[PDB]
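I have placed the structure first, in the form of structure tokens, so that the comments after it can refer back to it.
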Amino acid sequence: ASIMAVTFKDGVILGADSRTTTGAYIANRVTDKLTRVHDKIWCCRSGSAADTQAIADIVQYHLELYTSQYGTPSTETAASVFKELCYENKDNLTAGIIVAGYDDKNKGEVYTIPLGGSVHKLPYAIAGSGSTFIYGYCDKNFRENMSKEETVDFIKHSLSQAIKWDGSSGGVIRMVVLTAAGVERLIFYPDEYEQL
Amino acid sequence: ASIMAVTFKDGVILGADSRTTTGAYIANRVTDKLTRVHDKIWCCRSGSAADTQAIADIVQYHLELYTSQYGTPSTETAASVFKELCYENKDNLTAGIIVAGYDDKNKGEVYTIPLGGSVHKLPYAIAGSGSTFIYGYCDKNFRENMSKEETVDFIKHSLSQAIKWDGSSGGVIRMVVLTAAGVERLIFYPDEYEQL
Amino acid sequence: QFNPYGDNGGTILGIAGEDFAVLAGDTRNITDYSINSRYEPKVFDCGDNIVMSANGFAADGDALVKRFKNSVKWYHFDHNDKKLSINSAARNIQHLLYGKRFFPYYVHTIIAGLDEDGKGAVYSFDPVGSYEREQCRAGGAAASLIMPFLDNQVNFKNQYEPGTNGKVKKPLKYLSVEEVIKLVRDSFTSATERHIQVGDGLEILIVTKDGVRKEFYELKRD
Amino acid sequence: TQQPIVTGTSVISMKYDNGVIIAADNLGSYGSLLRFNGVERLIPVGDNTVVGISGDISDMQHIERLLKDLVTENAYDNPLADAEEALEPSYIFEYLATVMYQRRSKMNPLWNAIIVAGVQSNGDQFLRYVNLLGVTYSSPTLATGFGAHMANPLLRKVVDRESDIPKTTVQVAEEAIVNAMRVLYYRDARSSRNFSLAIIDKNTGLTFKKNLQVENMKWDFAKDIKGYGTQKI
Amino acid sequence: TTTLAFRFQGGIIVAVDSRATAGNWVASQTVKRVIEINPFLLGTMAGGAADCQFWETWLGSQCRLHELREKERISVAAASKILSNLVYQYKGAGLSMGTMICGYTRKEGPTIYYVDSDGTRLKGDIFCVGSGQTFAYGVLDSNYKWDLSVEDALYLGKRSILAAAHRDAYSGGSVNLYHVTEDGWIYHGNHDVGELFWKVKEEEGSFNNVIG
Amino acid sequence: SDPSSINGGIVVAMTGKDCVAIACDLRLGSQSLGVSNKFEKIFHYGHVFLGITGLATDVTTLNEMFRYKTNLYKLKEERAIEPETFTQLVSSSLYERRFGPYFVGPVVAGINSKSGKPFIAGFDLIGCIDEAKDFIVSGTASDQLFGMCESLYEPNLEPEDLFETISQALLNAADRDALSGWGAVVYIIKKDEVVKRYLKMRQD
Amino acid sequence: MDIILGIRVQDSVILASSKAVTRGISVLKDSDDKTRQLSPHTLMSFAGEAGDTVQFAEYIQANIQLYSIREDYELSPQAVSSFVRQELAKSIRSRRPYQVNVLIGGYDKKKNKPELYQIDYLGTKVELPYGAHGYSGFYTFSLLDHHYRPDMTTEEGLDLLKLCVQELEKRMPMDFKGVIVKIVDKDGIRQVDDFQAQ
Amino acid sequence: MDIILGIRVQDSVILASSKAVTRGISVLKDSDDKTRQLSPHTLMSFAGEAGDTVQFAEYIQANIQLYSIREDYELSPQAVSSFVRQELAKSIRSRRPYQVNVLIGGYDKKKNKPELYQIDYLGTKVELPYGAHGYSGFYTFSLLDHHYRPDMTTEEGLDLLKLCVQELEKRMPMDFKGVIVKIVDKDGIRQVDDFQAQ
Amino acid sequence: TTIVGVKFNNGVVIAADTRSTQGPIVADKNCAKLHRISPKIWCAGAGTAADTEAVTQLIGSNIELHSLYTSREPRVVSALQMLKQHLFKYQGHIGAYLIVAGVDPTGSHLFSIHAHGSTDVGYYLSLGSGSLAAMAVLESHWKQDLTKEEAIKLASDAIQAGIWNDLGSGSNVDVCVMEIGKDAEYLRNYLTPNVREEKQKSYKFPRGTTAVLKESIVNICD
């Protein structure tokens, strides 16, 4: 795939492409790689669609149940439930996931779970097949505490590149903005992100 | 390895790291990956040190002899002698080379010879193991007709990144500036390019 | 690794008449699961009243046809425009095929024309040049869906005279070129249905003492 | 016994009332990395033949010099090099086809799919395909590698059988060829938006269009796609 | 495939099947498994279809070439050793042939050499070769006198091939018969195994477990 | 090597005017060696017939098994089991062992006693039900039989006619097949009478 | 392998069974009765895998001596057969499969007929006039085809048996060190110990 | 493989050589002289690969009948040996290597002694009192060790030979269909055709 | 195999071809690949013939029992989630590739399920060996908000593309139209483009042609 998540002043933003390929064929060119496990805790999926789907599905539950009994779940907790699945099942899974969410205390929080099953908290994180090409662009162009539209732009550019260079990435660019004021879904089309 | 070449207003600039690794071990951390086949026609080596060395050695000759008889060689020609070797010997070589040089007519000229043996003329070209990480930074930060120190900087940054992210790249950053006024060799040390 | 061979499919059938011979093939040329052409002919007029077909891998058969068509040009120049005996071209093809014995033309290959006596003849080949003269042989993928049927409706096999208990074999008759054509284009319309590598078109070359004629019939395109 | 590196994807082509059309994008790709963005994979020979090439770009550039070389030879000692005894498609093909099969047979193939398209001395449309194995075939509609799968079915909806060719105007063929290139970019992962398209009419000659772009893409509907089943937001 | 040849008072009998298979599929039953080399010598196809036809056809040439050059008939011993030598020359290049070279000369008498891909050359009295080889051997071994009426010993070949065609899936079709005298060979027809089986079940009382 | 073809044999079934036919060869052999010429591949359970080709020890096992299963259907259900039903029992029953299959190629044929409708169907070793109006084939001559049937078949054959047709399809495939032959048997199934003729064919 | 033969005549069934036991390089025994008596009128010869062979035949011996003892009835050959078959068919999709081939021959005291059954390690079962496992069949089936009548006296059939063994000693590469011939008839199971020179 | 034996006594050398030729499944011949005469007083028995076997022995026969004819001198055993060896050692690093094992035995007319040489397909040559190739050695070397005296009459040595063949027929799995025993002495090369019952 | 699904304004329509191939041979020239899960939830099966049937029969049975516990019409999104999780329990070893569509109390739904357990939601979808032929049609002719008759032409058009241009697909065109208001309509063989032209002969044998050895009557009921 080709996904990333960035934190800022007001919260966190998730971004992805939309291209799931089996082979050289684009089986679906409109994939929703931004998947929701709670009001304001979402994930970025990459790897086997069948594995990342099964896990998110199973986390959506653990957290629906955690809400029933114990209350609203820290963004940290969503990550722990993902790691626990990915690590304890490493031998049979191929999934790299980015968990991101907004609570009121910490605001922007982002956790990247590589293949191993390790977990790493970070200000921003990139992953997916086409990430390799923007480790350069991102480390140079990222800043802490950006403004909302500053961050949308940072993502639009980073992902504009990943898709240019990756054949396993493309489609539209989907974003999901997570702030106090709510959940806002974004979409940017090819006629737009290519001219950058 | 981790190498690139850029053209500008006054000529062409070649850049590279200095890290040849066999395995996890850095066998030499001061490698001169900028190799000279003629007054103002140089190459960037990447791939087998034994293969790129042998080839450049054999091209240095073809061109010393071409000079003897027929005169001064177009930058274009140096490239053709490289392609002819790399392509006609593809089955037994692992070398990716960037040929760059300055004549007075065209000024800045750059030819990249991928593994296949194909040849591609371009304004700038990156290659070597750690190139994958800067396809993003470069496409966004490159401009035609840059000034001398504008281009030194563009290279210093691009390569500062490649080395950060690549384990098969590092050492010092070597440059070689090719203009009418002559050949100028550059070096930038780690204490400098890391702080960027 | 590099693999120098293919399957382009198609299916050929050659039948030897009494005063004639037919050599039929389908027009479909494929690679795996896709279709390459619906019309790209398989059966060729080689002159001197010899029609041949090198079926299996197109590049190898195309190349073998070229090479024999040329063996004829030179048997002319070399032996004062003499006619190439059907039986002699067969043998020359054995030597052609066996030349590349250790890197063969991957083709089951059939030729048809008239023997020096005027009677009809058909020859079949390995990819390495075993040859025998045949009454009717099919080569290709759908070979197995045609032969049983031909054995039954052409050589009247397993067929007896009604009410003779099972002691008198149904008497072998000989068939107008128009009848053989019936069986050919029913052998194929059948195969087309149960083989996915057969369809599109059916082309027949017909050799009489009068020369070579082309009849062409459409086939299901699925 | 080589293996491809820098590659270019589908080449597509169909014939029509007077001439023929052939198109192919401008991308050569290093594996999964869309590395080279200015590649031309339509090679004009004369103004009666265009040769389209998919496969290994290094072996393509070799095949290109073989034709630049073969045009230089033709002219030697030949006052009719720009007329009667000048280079014909049917020749250029039988030459490349002969080479490809020779090379496969030395187990060192040129790793390509080649489509030779053009018009003959006598007005005849000429369209034929030859690949790394030496295989040759000809249909009213031919495409190589990936186009063989999606591009053909669309073009055969214009020219299904031979009787359909005279009925096919030129603006219709071009419209159908450009469609297929759009569809190729929706669904082919090793594809570029930039392509080149050449028309070869028996009346207007060689019309070679560089630097085209797939236009009028439909992606509005993606906004309405969320989740992967259960999801609503 | 089933091929067999043997010596006796009246010369040599050669008998073969005619079935040829591509797996489970029977592609032809019109195969000349006996190779008319020249009118005084026979070879038996067994192993590789082409490899046999071809080198024995070639043998026929090298045999004529030898008769012109010495104005005298080539001996089975040397005819066979030419083929054995040519074939050993291509050892394990992937040749496949297992054949009996048969001849009757002034000086040697009825003479049979078994020659194969491996380079083997063996003079013998009785050789069967092919998938149904073991079946033929069974019938030959039990019913073989040396002084067999040329007519009884021609029937023996007819039948050692039958035993085999029956059991073996890979043998069958029809039987070709050859008789080799000092004066040359004489074809003895092509008797279709279909019809022949029934004819023998009645006259012999055999094949008793075949309901018909 | 391949299980689906050590032993050999073919089975074929067709429909006619208010009738059905099913037929097979009597061959059982280990690879090249023929062992028995009296090994029938067609079994019956009430008025429903089942031919099974492929691996002997599984053809035999499945007969032994469907006898059992259908015998209890008769006792528990108070009636003889129908063809349409039995078909669905062979499917589910075969697919029971999906990842360790019986290497067989079953053909069901018979006449629904309430509706008098002719019925044939065939399966792959894991139970896909190919129901077909025309004909069903199975065995080592999967191909040859398809070739004969596609030509020799017309629908609504009278029974005495459809015997000639099915016999000729079977016979002429098995003669072009190395692993099939050695006898043959052909059941012709009218609405209430059932005739079983054995055939004369080459024996090689 | 390893010679397992048998022919059913008019009044009895006859089983031949190679005497040799070979362990790779050396011949260990020159006198192996390759057969267990399953009951008064039912015999089973066998060959195949090393240990798998005996261990199976004895398991069957037990289970049939148990059904005999329990119903004080001598289980009929057809049944002993169709049981042995099932026991092999069961073990073919099992963890380690019995790799054993067998010939079962016995007298059905109720039909007063002799019966010979052939079963391979897969559970493949068919009834025959004559039979064999391993390669034994190729050299001998051509002779039986020819010389077999189903009305053959027990004596006429021993003769035809010696003729097969002779062919196997001639055209077969293995030195199987002879046979042991056993006969099953109305009077039960006796063994002819005068064979390699009758 | 395929029985190649030989024992050198006081006044001669004796070579045994299995009579059987086997082609996978069937035994094709029951009477194979596995030995070429290299010259009046020098014999070579041999076994090994299929075609490679004969073709070699004959090449050596030719080349020694040629040195004989040329110098009208009968080449001594030691020499015929050391030549055959070099011809094998040459072919071991060649393209397709002769895969043949041989026993050379002959009478040195100048020392009036008998000599037996053993050479394997690799060119490994050593001179012996007794020798064998293939597995033939395992069953028989234990007997020779025990019963061999180097002063043994030619008769005393034939006896000991029969004793080895008997052990090979007993504990060896292959039916080799007998031997042919040849003897080499001052009077040359003669063959005892009364052996499997002397 | 070729199967597609197409969403329109007041429903959804799904279509399939009718050819089942074992290797290169066509075993059923007309098996319906259109499977029923619930009255108004149908799905198209491509992959292992047996598994699309079995795994349909199952989820459909469980889903039937569930609409009864809950006294509620069965929902597409249920059949999806139960299929998804079943196929995934089985590490892809179950070879089903489905287009699952239907109408429930929540509107029109169209989903695709791959064997390893991945699901895709969309407006047009295609799976199987002709997946690419069909998707090329769909990508050229689909606009937002089709009509019942437009959306049917389009899915049948897209199945044809498969039939012709793919050796894996062929014969007829099955359709099922699930309108939101109405009942579901299943039009078996909605198109029959592949009808076998009348043979050139008729091979009905003269009675008595076949040699019989023994004849007898078996008994049917006890």
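Residue names in the structure tokens use chain letters A, B, ... in the order shown, residue numbers from 1 in each chain, and ligand numbers from 1 in the order shown.
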task: For stretch 14-27 of chain B, work out the shell of residues within 8 Å, counting only C-alpha atoms and skipping chain neighbours fewer than 2 positions away, then give it as an MDAnalysis selection string.
output: chainID B and resid 1:6 12 29:34 43:44 49 100 155 159 163 168:177
Generate the output file for the selected residues, C-alpha atoms, as a PDB file, in the first residue's frame.
ATOM      1  CA  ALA B   1      26.301   2.581  -2.786  1.00  0.00           C
ATOM      2  CA  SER B   2      24.466   5.992  -2.922  1.00  0.00           C
ATOM      3  CA  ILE B   3      25.201   8.393  -5.841  1.00  0.00           C
ATOM      4  CA  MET B   4      23.780  11.182  -7.994  1.00  0.00           C
ATOM      5  CA  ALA B   5      24.648  13.854 -10.639  1.00  0.00           C
ATOM      6  CA  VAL B   6      23.102  17.244 -11.303  1.00  0.00           C
ATOM      7  CA  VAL B  12      27.551  19.538 -13.989  1.00  0.00           C
ATOM      8  CA  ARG B  29      34.687   4.025   4.693  1.00  0.00           C
ATOM      9  CA  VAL B  30      36.499   6.462   2.411  1.00  0.00           C
ATOM     10  CA  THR B  31      35.869   5.072  -1.096  1.00  0.00           C
ATOM     11  CA  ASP B  32      36.315   7.364  -4.089  1.00  0.00           C
ATOM     12  CA  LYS B  33      33.131   6.517  -5.976  1.00  0.00           C
ATOM     13  CA  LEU B  34      33.757   9.451  -8.303  1.00  0.00           C
ATOM     14  CA  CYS B  43      31.406   8.642 -13.700  1.00  0.00           C
ATOM     15  CA  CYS B  44      29.621   7.600 -10.491  1.00  0.00           C
ATOM     16  CA  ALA B  49      33.338  -2.508  -6.941  1.00  0.00           C
ATOM     17  CA  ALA B 100      28.492  13.098 -16.435  1.00  0.00           C
ATOM     18  CA  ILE B 155      23.361  17.509  -3.450  1.00  0.00           C
ATOM     19  CA  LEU B 159      22.805  12.716   0.084  1.00  0.00           C
ATOM     20  CA  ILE B 163      22.863   8.092   4.271  1.00  0.00           C
ATOM     21  CA  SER B 168      24.732   0.435   2.809  1.00  0.00           C
ATOM     22  CA  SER B 169      25.544   4.113   2.432  1.00  0.00           C
ATOM     23  CA  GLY B 170      27.582   6.577   4.441  1.00  0.00           C
ATOM     24  CA  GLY B 171      31.102   7.845   5.060  1.00  0.00           C
ATOM     25  CA  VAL B 172      31.960  11.330   3.822  1.00  0.00           C
ATOM     26  CA  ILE B 173      30.144  13.037   0.956  1.00  0.00           C
ATOM     27  CA  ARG B 174      32.385  13.516  -2.095  1.00  0.00           C
ATOM     28  CA  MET B 175      31.573  15.908  -4.875  1.00  0.00           C
ATOM     29  CA  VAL B 176      33.278  16.809  -8.142  1.00  0.00           C
ATOM     30  CA  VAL B 177      32.439  20.052  -9.939  1.00  0.00           C
TER      31      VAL B 177
END
Compile a residue-level contact table for chain H against chain E at a cut-off of 9 Å, reporting for every qualifying residue the shortest atom pair and its distance in Å to one decimal, with only C-alpha atoms counted, rows ordered by chain and ascending number, as JSON lines.
{"residue": "H:25", "atom": "CA", "partner": "E:134", "partner_atom": "CA", "distance": 8.3}
{"residue": "H:26", "atom": "CA", "partner": "E:134", "partner_atom": "CA", "distance": 6.9}
{"residue": "H:28", "atom": "CA", "partner": "E:127", "partner_atom": "CA", "distance": 7.0}
{"residue": "H:29", "atom": "CA", "partner": "E:124", "partner_atom": "CA", "distance": 7.3}
{"residue": "H:49", "atom": "CA", "partner": "E:118", "partner_atom": "CA", "distance": 8.8}
{"residue": "H:50", "atom": "CA", "partner": "E:118", "partner_atom": "CA", "distance": 5.9}
{"residue": "H:51", "atom": "CA", "partner": "E:119", "partner_atom": "CA", "distance": 4.0}
{"residue": "H:52", "atom": "CA", "partner": "E:119", "partner_atom": "CA", "distance": 6.9}
{"residue": "H:53", "atom": "CA", "partner": "E:120", "partner_atom": "CA", "distance": 8.7}
{"residue": "H:54", "atom": "CA", "partner": "E:120", "partner_atom": "CA", "distance": 7.8}
{"residue": "H:55", "atom": "CA", "partner": "E:119", "partner_atom": "CA", "distance": 8.0}
{"residue": "H:96", "atom": "CA", "partner": "E:91", "partner_atom": "CA", "distance": 8.5}
Compute the chain D side of the contact with chain I at 9 Å, counting only C-alpha atoms, and hand it back as a short mmCIF file (atom, residue, chain, number, x, y, z; two decimals) with C-alpha atoms, in the first residue's frame.
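Dumped to part00.cif:
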data_model
loop_
_atom_site.label_atom_id
_atom_site.label_comp_id
_atom_site.auth_asym_id
_atom_site.auth_seq_id
_atom_site.Cartn_x
_atom_site.Cartn_y
_atom_site.Cartn_z
CA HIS D 149 -6.10 -8.70 -21.73
CA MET D 150 -8.09 -5.47 -21.33
CA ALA D 151 -7.26 -3.51 -24.48
CA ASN D 152 -8.14 -6.22 -26.97
CA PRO D 153 -11.68 -6.89 -25.72
CA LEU D 154 -12.58 -3.20 -26.21
CA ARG D 156 -12.57 -6.19 -30.84
CA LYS D 157 -15.91 -4.58 -30.01
CA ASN D 179 -10.27 4.79 -24.43
CA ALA D 180 -8.26 1.63 -24.02
CA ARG D 182 -7.37 5.33 -20.16
CA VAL D 183 -8.65 1.93 -19.05
CA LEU D 184 -5.06 0.71 -19.01
CA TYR D 186 -7.18 2.73 -14.28
CA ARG D 187 -6.07 -0.88 -13.94
CA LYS D 218 -14.15 9.26 -13.78
CA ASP D 220 -16.10 11.11 -8.58
CA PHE D 221 -17.61 7.97 -7.08
CA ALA D 222 -14.69 7.22 -4.84
CA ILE D 225 -16.79 4.50 -0.81
CA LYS D 226 -16.06 3.93 2.82
CA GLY D 227 -14.88 0.95 4.76
CA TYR D 228 -14.85 -2.53 3.41
CA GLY D 229 -18.21 -3.86 4.41
CA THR D 230 -19.48 -3.04 7.88
#
Sorted by chain and rising residue number, which residues of chain I lie within 10 Å of chain E, and what are their closest atom pairs and distances in Å to one decimal, counting only C-alpha atoms, as CSV?
residue,atom,partner,partner_atom,distance
I:212,CA,E:212,CA,9.5
I:213,CA,E:212,CA,6.3
I:214,CA,E:212,CA,8.4
Can you write just those residues out, N, CA, C and O atoms, as a PDB file, in the first residue's frame?
ATOM      1  N   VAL I 212     -23.506 -57.832 -29.131  1.00  0.00           N
ATOM      2  CA  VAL I 212     -23.805 -58.184 -27.741  1.00  0.00           C
ATOM      3  C   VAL I 212     -23.382 -59.612 -27.400  1.00  0.00           C
ATOM      4  O   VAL I 212     -23.623 -60.528 -28.180  1.00  0.00           O
ATOM      5  N   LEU I 213     -22.787 -59.796 -26.224  1.00  0.00           N
ATOM      6  CA  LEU I 213     -22.373 -61.117 -25.752  1.00  0.00           C
ATOM      7  C   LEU I 213     -23.470 -61.806 -24.948  1.00  0.00           C
ATOM      8  O   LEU I 213     -23.944 -62.882 -25.318  1.00  0.00           O
ATOM      9  N   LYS I 214     -23.841 -61.182 -23.830  1.00  0.00           N
ATOM     10  CA  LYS I 214     -24.827 -61.706 -22.881  1.00  0.00           C
ATOM     11  C   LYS I 214     -25.852 -60.615 -22.609  1.00  0.00           C
ATOM     12  O   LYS I 214     -25.534 -59.433 -22.655  1.00  0.00           O
TER      13      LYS I 214
END
With a distance threshold of 6 Å and counting only C-alpha atoms, extract the residues of chain F near chain E and express them as a PDB file with N, CA and C atoms, in the first residue's frame.
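Wrote out_36.pdb, looks like this:
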ATOM      1  N   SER F  32       0.288 -50.467 -16.227  1.00  0.00           N
ATOM      2  CA  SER F  32       0.258 -51.202 -17.505  1.00  0.00           C
ATOM      3  C   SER F  32      -0.377 -52.605 -17.473  1.00  0.00           C
ATOM      4  N   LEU F  33      -0.212 -53.293 -16.349  1.00  0.00           N
ATOM      5  CA  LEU F  33      -0.721 -54.649 -16.165  1.00  0.00           C
ATOM      6  C   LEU F  33      -2.228 -54.708 -15.934  1.00  0.00           C
ATOM      7  N   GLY F  34      -2.955 -55.326 -16.862  1.00  0.00           N
ATOM      8  CA  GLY F  34      -4.355 -55.623 -16.621  1.00  0.00           C
ATOM      9  C   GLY F  34      -4.484 -56.774 -15.638  1.00  0.00           C
ATOM     10  N   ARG F 176      -9.447 -46.237 -28.131  1.00  0.00           N
ATOM     11  CA  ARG F 176      -8.412 -45.210 -28.155  1.00  0.00           C
ATOM     12  C   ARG F 176      -7.904 -44.917 -26.754  1.00  0.00           C
ATOM     13  N   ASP F 177      -8.132 -45.829 -25.817  1.00  0.00           N
ATOM     14  CA  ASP F 177      -7.617 -45.660 -24.455  1.00  0.00           C
ATOM     15  C   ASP F 177      -6.945 -46.923 -23.944  1.00  0.00           C
ATOM     16  N   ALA F 178      -5.782 -46.683 -23.364  1.00  0.00           N
ATOM     17  CA  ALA F 178      -4.845 -47.730 -23.014  1.00  0.00           C
ATOM     18  C   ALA F 178      -5.265 -48.408 -21.742  1.00  0.00           C
ATOM     19  N   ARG F 202     -12.568 -55.428 -28.667  1.00  0.00           N
ATOM     20  CA  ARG F 202     -11.204 -55.937 -28.687  1.00  0.00           C
ATOM     21  C   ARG F 202     -10.825 -56.267 -27.260  1.00  0.00           C
ATOM     22  N   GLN F 203      -9.748 -57.011 -27.064  1.00  0.00           N
ATOM     23  CA  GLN F 203      -9.281 -57.220 -25.702  1.00  0.00           C
ATOM     24  C   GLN F 203      -7.821 -56.857 -25.516  1.00  0.00           C
ATOM     25  N   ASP F 204      -7.447 -55.630 -25.861  1.00  0.00           N
ATOM     26  CA  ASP F 204      -6.052 -55.228 -25.697  1.00  0.00           C
ATOM     27  C   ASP F 204      -5.762 -53.919 -24.924  1.00  0.00           C
TER      28      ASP F 204
END
Near-residue H:186 list (8 Å; only C-alpha atoms; drop same-chain fewer than 5 positions) as a short mmCIF file (atom, residue, chain, number, x, y, z; two decimals) with C-alpha atoms, in the first residue's frame:
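Heads up, here's the output in selection19.cif:
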data_model
loop_
_atom_site.label_atom_id
_atom_site.label_comp_id
_atom_site.auth_asym_id
_atom_site.auth_seq_id
_atom_site.Cartn_x
_atom_site.Cartn_y
_atom_site.Cartn_z
CA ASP H 11 51.34 -72.56 -11.77
CA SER H 12 48.48 -70.42 -13.11
CA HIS H 41 48.98 -65.79 -22.20
CA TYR H 107 51.50 -66.02 -17.38
CA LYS H 109 56.66 -66.33 -19.92
CA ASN H 112 57.58 -68.42 -15.51
#
task: Write out as a PyMOL selection string which residues come within 12 Å of residue H:195 when counting only C-alpha atoms, dropping same-chain ones fewer than 4 positions away.
output: chain H and resi 16+158-159+161-163+165-166+178-182+191
Write a file of the just-selected residues containing N, CA, C and O atoms, as a compact mmCIF listing (two decimals), in the first residue's frame.
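Wrote it out as selection_0.txt, contents follow:
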# COMPACT_ATOMS: atom_id res chain seq x y z
N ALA H 16 36.89 -66.30 -12.57
CA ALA H 16 35.49 -66.62 -12.62
C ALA H 16 34.74 -65.36 -13.03
O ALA H 16 35.19 -64.23 -12.81
N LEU H 158 41.07 -74.75 -8.06
CA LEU H 158 39.72 -74.86 -8.60
C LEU H 158 38.74 -75.23 -7.48
O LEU H 158 37.65 -74.70 -7.42
N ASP H 159 39.13 -76.17 -6.62
CA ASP H 159 38.27 -76.60 -5.51
C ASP H 159 37.87 -75.40 -4.68
O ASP H 159 36.70 -75.11 -4.52
N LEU H 161 37.73 -72.49 -5.46
CA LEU H 161 36.96 -71.53 -6.24
C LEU H 161 35.50 -71.91 -6.18
O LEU H 161 34.64 -71.07 -5.95
N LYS H 162 35.22 -73.20 -6.36
CA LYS H 162 33.85 -73.69 -6.32
C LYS H 162 33.25 -73.33 -4.97
O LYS H 162 32.06 -73.05 -4.85
N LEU H 163 34.09 -73.31 -3.94
CA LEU H 163 33.60 -73.06 -2.59
C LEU H 163 33.15 -71.62 -2.44
O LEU H 163 32.27 -71.34 -1.64
N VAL H 165 31.99 -69.59 -5.05
CA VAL H 165 30.76 -69.51 -5.83
C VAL H 165 29.56 -70.07 -5.04
O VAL H 165 28.46 -69.51 -5.08
N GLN H 166 29.77 -71.16 -4.32
CA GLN H 166 28.71 -71.76 -3.52
C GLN H 166 28.22 -70.80 -2.44
O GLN H 166 27.02 -70.68 -2.21
N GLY H 178 25.31 -68.60 -12.73
CA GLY H 178 26.53 -69.40 -12.85
C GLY H 178 27.79 -68.62 -13.18
O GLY H 178 27.80 -67.40 -13.23
N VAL H 179 28.89 -69.34 -13.38
CA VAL H 179 30.12 -68.70 -13.78
C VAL H 179 30.69 -69.40 -14.98
O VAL H 179 30.25 -70.50 -15.34
N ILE H 180 31.68 -68.76 -15.61
CA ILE H 180 32.56 -69.41 -16.56
C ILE H 180 33.97 -69.30 -16.00
O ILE H 180 34.46 -68.20 -15.72
N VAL H 181 34.62 -70.44 -15.82
CA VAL H 181 35.95 -70.43 -15.25
C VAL H 181 36.94 -70.62 -16.36
O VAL H 181 36.81 -71.53 -17.16
N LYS H 182 37.93 -69.74 -16.43
CA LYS H 182 38.99 -69.83 -17.42
C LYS H 182 40.33 -69.96 -16.68
O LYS H 182 40.47 -69.49 -15.56
N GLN H 191 39.45 -73.04 -21.22
CA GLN H 191 38.22 -72.84 -20.44
C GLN H 191 37.59 -74.16 -19.94
O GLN H 191 37.27 -75.03 -20.74
